[PDB]
Novice: 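Sharing a structure, written as structure tokens. Questions coming.
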Amino acid sequence: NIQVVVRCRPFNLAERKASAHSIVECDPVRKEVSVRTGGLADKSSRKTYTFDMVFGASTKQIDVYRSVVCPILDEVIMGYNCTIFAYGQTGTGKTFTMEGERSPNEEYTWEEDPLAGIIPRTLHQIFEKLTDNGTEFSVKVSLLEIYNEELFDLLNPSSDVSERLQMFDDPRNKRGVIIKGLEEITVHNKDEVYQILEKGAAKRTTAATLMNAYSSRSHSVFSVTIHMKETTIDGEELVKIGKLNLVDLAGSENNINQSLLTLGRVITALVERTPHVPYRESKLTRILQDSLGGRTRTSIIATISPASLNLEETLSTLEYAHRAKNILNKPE
Ligand SMILES: Nc1ncnc2c1ncn2[C@@H]1O[C@H](COP(=O)(O)OP(=O)(O)O)[C@@H](O)[C@H]1O
Ligand SMILES: CCOC(=O)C1=C(C)NC(=S)N[C@H]1c1cccc(O)c1
Ligand SMILES: [Mg+2]
């Protein structure tokens with residue numbers, strides 16, 4: 001089964017002043033998420049769900065990485081393909097979890113910033129883990145985004161944010177596709193990571209100015225490919241290639257996101273073991289087909305809010321994530 005975890009965001013200053021009380025309770029020991037759906041103080045009703053891991057509002061970035069990503073990166077380094085999806089309503093922490101932010105007032109360098117998310121921590125760790133273990137390696141990254149079923153390359157420095165990419169089936173891969181023009185940037189060392197990320201961020205700002213609700217309606221796929229070569233004591237070369245897809249999905253809240261709709265239908269088809277799985281019905285599911293009931297080790301981080309105002313969407317997200325737990329994958 002694929003791994004499904006839940007992360008609740010902490011209250012913001014506005015909610016803090018309103019003396020808001022959380023309707024979400026996370027028990028890491030029991031690995032459960034309990035939501036107050038009604039009831040008055042001394043008695044109420046609740047909805048509880050169990051997941052592989054649960055992270056409360058106070059969970060720090062480093063702990064999400066240690067608990068969820070560390071094991072996944074080790075697998076990527078073993079030469080397997082892995083994917084991590086961030087799913088949930090806009091404003092619940094998908095981007096904070098997948099990307100992170102900078103601590104205010106330049107208190108920390110990017111490498112030591114406690115607010116850094118999965119992407120920067122992962123890139124930094126790859127270089128650390130392969131510092132001198134005898135494995136020669138190269139790291140390449142790409143950032144593909146889907147908006148209104150159109151494809152954009154956020155790491156191409158010479159292309160206009162208006163330029164769309166074309167997708168084709170891979171002749172030498174039945175369930176694979178080729179994204180013509182998608183640029184792969186080589187990360188030569190840890191000291192090249194931040195600037196590369198900043199460039200993509202700058203280009204996304206241009207995208208936001210041009211496309212409506214870009215940050216919430218778009219799907220982003222940040223891919224890291226590690227080509228590795230080991231040489232045995234007898235001179236033989238051992239090759240392994242690991243790939244990690246870090247996906248920040250469009251907000252799940254209740255116009256017409258074909259890829260988001262298709263992702264849900266694919267999950268339903270997989271869990272209900274229906275013969276036909278509609279992978280080809282959206283660009284997102286075609287690109288990530290192997291991550292959904294395929295040979296890629298997949299994990300989903302469902303993000304929720306502690307505010308009573310978001311009760312309906314929170315329950316929807318939990319029900320969606322809990323169902324996804326039934327998806328079966330077959331690693332390499
Ligand atoms: N774990 C967290 N700790 C501190 N702040 C968080 C956390 N998660 C989310 N936030 C804050 O909550 C807001 C949620 O925004 P964001 O990450 O962009 O959500 P989304 O991508 O799901 O729309 C941001 O301002 C972010 O800084
Ligand atoms: C200009 C600020 O940029 C950022 O915060 C980030 C960018 C560009 N890209 C990603 S994936 N994550 C953010 C990030 C990167 C490194 C350390 C951090 O603490 C936060
Ligand atoms: Mg976001």
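Just the heavy atoms: all of them, side chains too, but no hydrogens, waters or symmetry mates, feed the values below. In listed order, ligands and their atoms are each counted from 1. Throughout, residue positions are numbered sequentially from 1 according to the sequence presented.
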Novice: Can you name the residues that come within less than 4.0 Å of ligand 1, going by heavy atoms only?
Specialist: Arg7, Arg9, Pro10, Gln89, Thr90, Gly91, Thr92, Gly93, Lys94, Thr95, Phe96, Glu101

Novice: Return yes if some donor-acceptor pair links the side-chain N/O of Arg164 with the main-chain N/O of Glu150 below 3.5 Å, else return no.
Specialist: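 It does not hold such a pair.
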
Novice: Heavy-atom contact check, 4.0 Å cutoff: does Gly117 meet ligand 2?
Specialist: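 Per 4.0 Å heavy-atom rule, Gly117 does not contact ligand 2.
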
Novice: Please report, to 0.1 Å, the donor-acceptor pairs under 3.5 Å made by any side chain of residues 224-243, with sequence neighbours excluded.
Specialist:
unit_1	atom_1	unit_2	atom_2	d
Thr232	OG1	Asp234	N	3.2
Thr232	OG1	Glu236	N	3.1
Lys240	NZ	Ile77	O	2.8

Novice: Where do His219 and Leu284 come nearest, in terms of heavy atoms and distance?
Specialist: ND1-CD2, 3.8 Å

Novice: Do the side chains of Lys203 and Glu145 get close enough for a salt bridge, i.e. N-O under 4.0 angstrom?
Specialist: no

Novice: Sub-3.5 Å donor-acceptor pair from the side chain of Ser316 to the main-chain atoms of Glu312, do we have one?
Specialist: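 Looks like no, no N/O pair under 3.5 Å.
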
Novice: Heavy atom under 4.0 Å from ligand 2: found in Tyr194's side chain, backbone, both, or neither?
Specialist: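 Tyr194 to ligand 2: side-chain contact only, backbone stays beyond 4.0 Å.
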
Novice: Can you name the atoms of ligand 2, numbered from 1 with element, that are less than 4.0 Å from a heavy atom of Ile119?
Specialist: 11 (S)

Novice: Does a side-chain N-to-carboxylate-O contact under 4.0 Å join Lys94 and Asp248?
Specialist: no

Novice: Does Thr95 put an N, O or S atom under 2.8 Å from the Mg ion (ligand 3)?
Specialist: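 Checking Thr95: at least one N, O or S atom is under 2.8 Å.
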
Novice: So, does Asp170 use its side chain to make a donor-acceptor pair with the main chain of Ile178 at under 3.5 Å?
Specialist: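 No, because the side chain of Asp170 does not come within donor-acceptor range (under 3.5 Å) of the backbone of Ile178.
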
Novice: Any sub-3.5 Å donor-acceptor pair from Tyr214's side-chain atoms to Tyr147's backbone N or O?
Specialist: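 No: the side chain of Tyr214 does not pair with the backbone of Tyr147.
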
Novice: Residue-level breakdown please: for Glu101 versus ligand 2, do any non-hydrogen atoms fall below 4.0 Å on the side chain, on the backbone, on both, or on neither?
Specialist: backbone

Novice: Which of these, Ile267, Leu261, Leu263, sits in a side-chain contact (heavy atoms from CB on, under 4.5 Å) with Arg265?
Specialist: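 Of the listed residues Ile267, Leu261, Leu263, the side-chain contact (heavy atoms from CB on, under 4.5 Å) partner of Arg265 is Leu261.
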
Novice: With heavy atoms of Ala201 as the reference, note each atom of ligand 2 found under 4.0 Å away.
Specialist: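 Counting atoms of ligand 2 from 1, those under 4.0 Å from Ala201 are 8 (C).
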
